[PDB]
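Comments concern the structure below.
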Amino acid sequence: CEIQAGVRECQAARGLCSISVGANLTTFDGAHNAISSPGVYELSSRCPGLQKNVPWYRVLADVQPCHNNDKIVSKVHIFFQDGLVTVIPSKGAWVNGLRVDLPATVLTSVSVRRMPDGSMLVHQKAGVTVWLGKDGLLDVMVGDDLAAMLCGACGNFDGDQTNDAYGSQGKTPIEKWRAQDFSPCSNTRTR
Amino acid sequence: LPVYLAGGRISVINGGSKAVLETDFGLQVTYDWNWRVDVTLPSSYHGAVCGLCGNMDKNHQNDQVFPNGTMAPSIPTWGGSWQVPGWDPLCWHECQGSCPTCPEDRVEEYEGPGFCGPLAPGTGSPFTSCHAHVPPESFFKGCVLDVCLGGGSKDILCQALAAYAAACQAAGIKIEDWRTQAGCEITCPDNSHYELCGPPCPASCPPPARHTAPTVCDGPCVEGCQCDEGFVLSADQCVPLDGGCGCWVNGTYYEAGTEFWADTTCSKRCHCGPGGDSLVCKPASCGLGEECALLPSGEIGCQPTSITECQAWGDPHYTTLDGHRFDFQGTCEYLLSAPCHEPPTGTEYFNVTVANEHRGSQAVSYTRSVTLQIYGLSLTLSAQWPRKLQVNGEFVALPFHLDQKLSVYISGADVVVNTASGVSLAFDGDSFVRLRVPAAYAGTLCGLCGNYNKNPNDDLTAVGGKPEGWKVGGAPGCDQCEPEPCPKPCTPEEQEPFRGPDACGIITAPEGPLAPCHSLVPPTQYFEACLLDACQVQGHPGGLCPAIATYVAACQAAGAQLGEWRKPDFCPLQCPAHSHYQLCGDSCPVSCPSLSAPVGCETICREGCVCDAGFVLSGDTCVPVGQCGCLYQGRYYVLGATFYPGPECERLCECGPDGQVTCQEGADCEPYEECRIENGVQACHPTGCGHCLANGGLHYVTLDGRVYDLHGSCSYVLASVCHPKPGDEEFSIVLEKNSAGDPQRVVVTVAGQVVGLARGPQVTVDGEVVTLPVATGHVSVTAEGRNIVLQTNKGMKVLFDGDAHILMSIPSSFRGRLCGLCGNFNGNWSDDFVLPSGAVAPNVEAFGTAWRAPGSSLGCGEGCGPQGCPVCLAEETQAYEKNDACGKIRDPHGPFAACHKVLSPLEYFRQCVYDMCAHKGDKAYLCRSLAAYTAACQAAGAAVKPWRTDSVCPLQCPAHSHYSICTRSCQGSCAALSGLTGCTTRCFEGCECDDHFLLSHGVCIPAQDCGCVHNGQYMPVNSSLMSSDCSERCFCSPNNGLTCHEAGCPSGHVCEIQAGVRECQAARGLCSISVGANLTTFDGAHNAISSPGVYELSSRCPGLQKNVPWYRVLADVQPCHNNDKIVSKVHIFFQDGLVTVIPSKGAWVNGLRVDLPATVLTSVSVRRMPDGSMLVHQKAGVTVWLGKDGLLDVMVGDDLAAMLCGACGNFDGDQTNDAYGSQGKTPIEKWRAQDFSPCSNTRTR
Ligand SMILES: *[C@@H]1O[C@H](CO)[C@@H](O)[C@H](O)[C@H]1NC(C)=O
Ligand SMILES: *[C@@H]1O[C@H](CO)[C@@H](O)[C@H](O)[C@H]1NC(C)=O
Ligand SMILES: *[C@@H]1O[C@H](CO)[C@@H](O)[C@H](O)[C@H]1NC(C)=O
Ligand SMILES: *[C@@H]1O[C@H](CO)[C@@H](O)[C@H](O)[C@H]1NC(C)=O
Ligand SMILES: *[C@@H]1O[C@H](CO)[C@@H](O)[C@H](O)[C@H]1NC(C)=O
Ligand SMILES: *[C@@H]1O[C@H](CO)[C@@H](O)[C@H](O)[C@H]1NC(C)=O
Ligand SMILES: [Ca+2]
Ligand SMILES: [Ca+2]
Ligand SMILES: [Ca+2]
Ligand SMILES: [Ca+2]
Ligand SMILES: [Ca+2]
């Protein structure tokens, strides 16, 4: 929902990173790659060195077996500069570890709502907005203003496929983008 | 810029931003002024060439070869084999010491966009065409390696980018704009036309207008700024066409007028004035004992022939410039090296002043400070603040440079000032001032160092035999040494066993490490002064160090090799953090402009302590590399500093992160303060001061006027801030009469810090840790003899005699806002008597029943038996001798004081006669009244014949102490630091210990103690002090002082003040997670987790409304090390974010890595144990210890009783509820939080 041609309605936007339709990641520029392994992987972040008023946003997606081991997105941790917002399609929404009512505004300018179908939408003013589908399909939408500013798994917004797919990395950017904070150690488990 | 030697066609002609040399045989050498070099050969001597970069044989592999002709396996030795023949002191080919390799974790930030971004081979990056022209992989490694090793400043970033851009542009390929998108642009002067392509060899002004065209002048284009439009680019800048255009005599280019001496012999001035194109030449010279020579800058000029040195020893011992040694003692401020008259011929005054101070025993003077006035500017250096610079009454950062003069910088331990003239001053504190005076001055000098006419006998003859004639200013009582006339001169015989090697023996003829200086400088005259110091103070390292250190420094000045002279046992040296000792090192350490001073440097290796892996910032603190502050109008300001560049408090400018000077507009402040320069800071400071006197035990005085006699017997809030102010310091004053008027357990709370001052017996301020003999910080406490003085950072002060007498002096800007028992700040006592609700209670006892301080025990009784105790009312009518007793003491003919003339004694006379008649007489009441008034006169120093004469009142001292009504106990005592205000500008009653003595919190030691004086407090011998945040030990030892090795507390304990002393002890809150995978709850309970996953452990669950912040700890019980279910990470959900800690990696706050030893969020301390465990603490909250091996303990203060509810259960103390919280079995599964728990719902489905 963004004002277009002087009238307010919802229309297609340039920023579009869909996570796993059939477990395939379509980056900002057109790219394809299977996650191929369960776990939480970072997807986008306004990585430093640019100094723009866009707030530090760090989305993560727990790709987990969940419904019939189809690797659908189960929960969407969003690390806003002033806290962590966690959303799950089945249960409610958690802000800093506290349950909140679904139709409310939380943190700084963060709108959270539940679709009548059951999908959950979160939007940031002049920032990212995430649509988490009821069936477990996530779309990340970014305004056209952010051109080659965010850098993450979805890649830059420059419009070049070669850099977007591989960010100076030979293969498997997913494993490189696996954040260790929420990732279990699992180090020498069988040892 | 242009020069044509024409011998073989040697033409150095340069572009806008280059420096190009050209010869006949095509040597193309250019050099950018900031580390960019180019050397090009036109196949000249293709067969071979000796150099660091290739033999030009067309084979890269064969280049790695020694000059001898053999190959080299190692590049370090090979590179070092091509060095220039010459003397090379302190030249290391490689970093022999531990080199700070940049961490591998942060390379990602330096590699992404915004840092070496376009340099990466990306199609969308600017100048992507050059990727095909030149392979940038080598350039890519260099950019990240440079920035990661460096501090991360953007300067090196765009410097590397510009280097790559120019290198790839020289191939002739067009380059698109990059500076704007990268954020780093050039603020070129004049026209400043930043052209991506700009014509090289831009138009200049040929002096004779006849030259050939250089080959390099015809070629490809170059990026940069040109201002040739309008003004022509000539004379190394942009000049209007009718400029100087050189002097064009013999083809040499002398732009404008530089007053350059033509001949090398300096005999002719010959200033080339562009107006007439002629030489204004004078055949004269400077004369005056100075002759011209080739200056290091390159321009020849006058220079003094010889330099003479006058040094002032440490006790003092003064030598003369001619060479006369004498020694005196004094304390009045004197002059030093004052020119008799202003030098008539082009030379300024250089007079210096020196003050003297008493430390330790009497008849001992140390140099307090030195103030120098030169070229209309006055700057001072003092020992009280080391390694800091003060100029014209305000503090400035050390790297202070004036134009061609007054270049102040830090050299080793010393701070050195030097100017255009030969006069130079070096000061190190601890009584050593060195003044280098050029011979160019007159032979007559009216200075304390003496006239330098080269005659020792005539030195100090006009001043007389007494060296105290050169006196100026000074204290009102400097000349009067002591009530006993000038006591205790040391034994001239100096009968000491201190002639042995151990003390004052290494200075002269010990062989060993100090032998080599004997031939250089005679050590006898230096040796003699050490024994006097050993005499006055016996074997104390504090007095012994300065003499031998002065000898070492004076030795090092002449080139010499000195061995290891100081040892941990024998005069150890201390230094602030991030600093290590060095016997002799770099004379000129670097400052924020990362280079040494332009003056001669590294010529002497100097004793002192220097930083490591960090550069000296603002003359202290050894700040981490890459974080310099800002430079503003010639003044250096630390990053984050708030200051007013102009006077009158106009603009509050802030030192920005990347050196930006962020400035806004100030409001000139409330019209109660004035923007004044005091304490080295220009700011609005309060101008008014009031007083609140709680004279006696029960009697009070309002802030203004009538006294409200109150006979209450409970805790009452005297003064507190009633109307909050956005900017101010709060302070609550309470007088807790212990029982029916007992001496008050006074407590003060300033800036949220509780300073006790309560234990009036002796002197025992306790704040939080009762062992505070002498302490500073937010609050400074000074033992003014019997009295105790408390001072704030903002001027608020309060004096307590220790016997229930309080004198508060409040000067702070609280006009009107402040309210309480003292009253509001205004004209009448009626305003003071207003109540918060406006209901005036006629009974003064009712007043204060609302202003009652908490902490009363089982209530309190407010009133005498018969209220007002009228017994004394009737007795005084017939007891006219009772009023005759006190009054005659304070009547005008009775010379008790001179302050009763200044301040009428009527209030204290009434207090004396109103004291309990049944207790009245010459009793403790009368003695206390006299003592209280004579200790209240201390506010303004006045002559005060003693309040006690002979046997009339009783007073004594522990031992070895004499009584004197005029005593300055704040200095000349145990401590080596002073929190005095000139003893609050008062010499007072008390005990002054005699002969060899110290004053450790009342007790007197015969000068064998007080060697341990830390920054915080006085550490007595054989004692220890554990500082904040479990700073384990700062142990004091008799043999060695301040061996402050620090460590951490073991598991199962918390650092909390116990029994009046701060250390770490066991605490009631203890929930250990999985020793052998078993959870021990707050109350004693056992249960195995039995399943991997994250489980909540504690939370201040709602329904209680206590100020304890919402804390929600979680523990990822995971297989991890050998599937032993140890705790792997500890998420802590504080009310303002999530803090994640992992023993292996670092700490994350809101998803950002942070340095391990830092404070984050709201009052959350995070630290890493030296063993490797990680500890996190919350103020008045939970603290978690995560073991290195994966064992977690949760500690909660005893205050939280049955408030938190979680897996560990309540703190009620009942096991049955703690184990199961109304739950039949497995509370762990019930406590599994779903937020971080994976769904895993129907995975196998
Ligand atoms: C899988 O990737 C391919 C790429 O062509 C495409 O079909 C789609 O983006 C992804 N999903 C499915 C169901 O194919
Ligand atoms: C030349 O000098 C290098 C470095 O000192 C040495 O290693 C090499 O053996 C020398 N070669 C000859 C032939 O002297
Ligand atoms: C040193 O020179 C300054 C210059 O103003 C002068 O004020 C001061 O009095 C001089 N010092 C002495 C001791 O005369
Ligand atoms: C103080 O006295 C003056 C003089 O009468 C009066 O005007 C003023 O109101 C008094 N102060 C207060 C707070 O009433
Ligand atoms: C400190 O060291 C030992 C500890 O008992 C003792 O012999 C010595 O006298 C102590 N120092 C002082 C000044 O008491
Ligand atoms: C296991 O629980 C038992 C309870 O008695 C006790 O030994 C201990 O608290 C736990 N750990 C081990 C290693 O036994
Ligand atoms: Ca791209
Ligand atoms: Ca070669
Ligand atoms: Ca003389
Ligand atoms: Ca008043
Ligand atoms: Ca319990």
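Those protein sequences? They're chains D and A, same order as listed.
Everything in the first sequence is counted per PDB author numbering, starting at 2397 for the first residue and increasing by one.
Everything in the second sequence is counted per PDB author numbering, starting at 1343 for the first residue and increasing by one.
Even for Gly, the Cβ is constructed at its ideal location relative to N, Cα and C.
Item                                                                                                                                     : Value
Secondary structure of residue 2191 of chain A, DSSP reduced to three states                                                             : coil
Stretch-stretch touch, CB-based, cutoff 8 Å, three pairs: the stretch 2077-2086 of chain A with the stretch 2130-2149 of chain A         : yes
Inter-residue Cα distance where the pair is residue 1396 of chain A and residue 1402 of chain A                                          : 7 Å
Beta-carbon proximity check, residue 2242 of chain A vs residue 2252 of chain A, cutoff 7 Å                                              : no
Distance cut-off 6 Å: residue 1396 of chain A Cβ against heavy atoms of ligand 8                                                         : yes
Buried/exposed call for residue 1637 of chain A, threshold 16 Cβ in 10 Å                                                                 : exposed
Residue 1732 of chain A to residue 1984 of chain A span [Cα, whole Å]                                                                    : 18 Å
Any chain D beta carbon closer than 7 Å to residue 2270 of chain A                                                                       : no
Minimum C-alpha distance to residue 2596 of chain A - residue among A:1674, A:2434, A:2524                                               : With chain A covering only 1343 through 2587, there is no way to say anything about residue 2596 of chain A.
Identified DSSP bridge partners for residue 2085 of chain A                                                                              : BP columns for residue 2085 of chain A are empty, so no partner.
Integer-rounded CB distance, given that residue 2577 of chain A should sit under 8 Å from residue 2493 of chain D                        : 6 Å
Within-7 Å CB hit, residue 1455 of chain A to chain D                                                                                    : yes
CB contact flag (residue 1973 of chain A, residue 1965 of chain A, <7 Å)                                                                 : no
Residues of its chain near residue 1956 of chain A, where Cβ-Cβ distance is below 8 Å and the 5 sequence neighbours each way are ignored : 1920, 1964, 1965, 1966, 1967
Distance cut-off 6 Å: residue 1404 of chain A Cβ against heavy atoms of ligand 8                                                         : yes
Among A:1430, A:2074, A:1618, A:2197, nearest to residue 2150 of chain A - alpha-carbon criterion                                        : A:2074
Burial state of residue 1544 of chain A, where buried means 16 or more other Cβ atoms lie within 10 Å                                    : buried
Distance between beta carbons of residue 2554 of chain D and residue 2427 of chain D, contact taken as under 8 Å                         : Their Cβ separation, rounded to whole angstroms, is 13 Å, which puts residue 2427 of chain D and residue 2554 of chain D out of contact at 8 Å.
Whether residue 1486 of chain A touches residue 1458 of chain A by CB criterion (7 Å)                                                    : yes
Interface flag, residue 1968 of chain A vs chain D, CB-CB below 7 Å                                                                      : no
heavy atom of ligand 1 below 6 Å from residue 2417 of chain D C-beta                                                                     : yes
Any residue whose CB is nearer than 6 Å to a heavy atom belonging to ligand 9, listed in chain order                                     : A:1664, A:1792, A:1793, A:1795, A:1797, A:1800, A:1801
Residue interval of the alpha helix (DSSP H) (run including residue 2630 of chain A)                                                     : Examination of residue 2630 of chain A is not possible in this model, given that chain A is present from 1343 through 2587 alone.
Residue 1743 of chain A versus A:1736, A:1737, A:1761, A:1730, residue with shortest Cα-Cα distance                                      : A:1761
Beta carbon of residue 1514 of chain A nearer than 7 Å to that of residue 1468 of chain A                                                : no
Start-end ranges of the beta strand (DSSP E) lying completely within the stretch 2018-2105 of chain A, minimum 3 residues                : 2023-2028, 2032-2036, 2058-2063, 2073-2077, 2089-2092, 2095-2097
Start-to-end residues for the beta strand (DSSP E) that takes in residue 2559 of chain D                                                 : No beta strand (DSSP E) contains residue 2559 of chain D, which is instead part of the alpha helix (DSSP H) from 2557-2561.
C-alpha gap between residue 2257 of chain A and residue 1910 of chain A, whole angstroms                                                 : 59 Å
Residues that DSSP places opposite residue 2311 of chain A in a beta bridge                                                              : Its beta-bridge partners do not exist; DSSP assigns none.
Local conformation of residue 1480 of chain A per DSSP, three classes                                                                    : helix
Cβ separation of residue 2570 of chain D and residue 2465 of chain D, assumed to be a contact under 8 Å, to the nearest whole Å          : Wrong, their Cβ atoms sit about 18 Å apart, outside the cutoff.
Any C-beta of chain D under 7 Å from that of residue 2470 of chain A                                                                     : yes
Check whether residue 2384 of chain A and residue 2354 of chain A have beta carbons under 7 Å apart                                      : yes
Expected contact under 8 Å - CB spacing of residue 2468 of chain A and residue 2416 of chain A to nearest Å                              : 7 Å
Per-residue DSSP class, three states only, for residue 2572 of chain D                                                                   : helix
Bounding residues of the alpha helix (DSSP H) (the contiguous stretch that carries residue 2675 of chain D)                              : Any question about residue 2675 of chain D goes unanswered here, given that chain D covers just 2397 to 2587.
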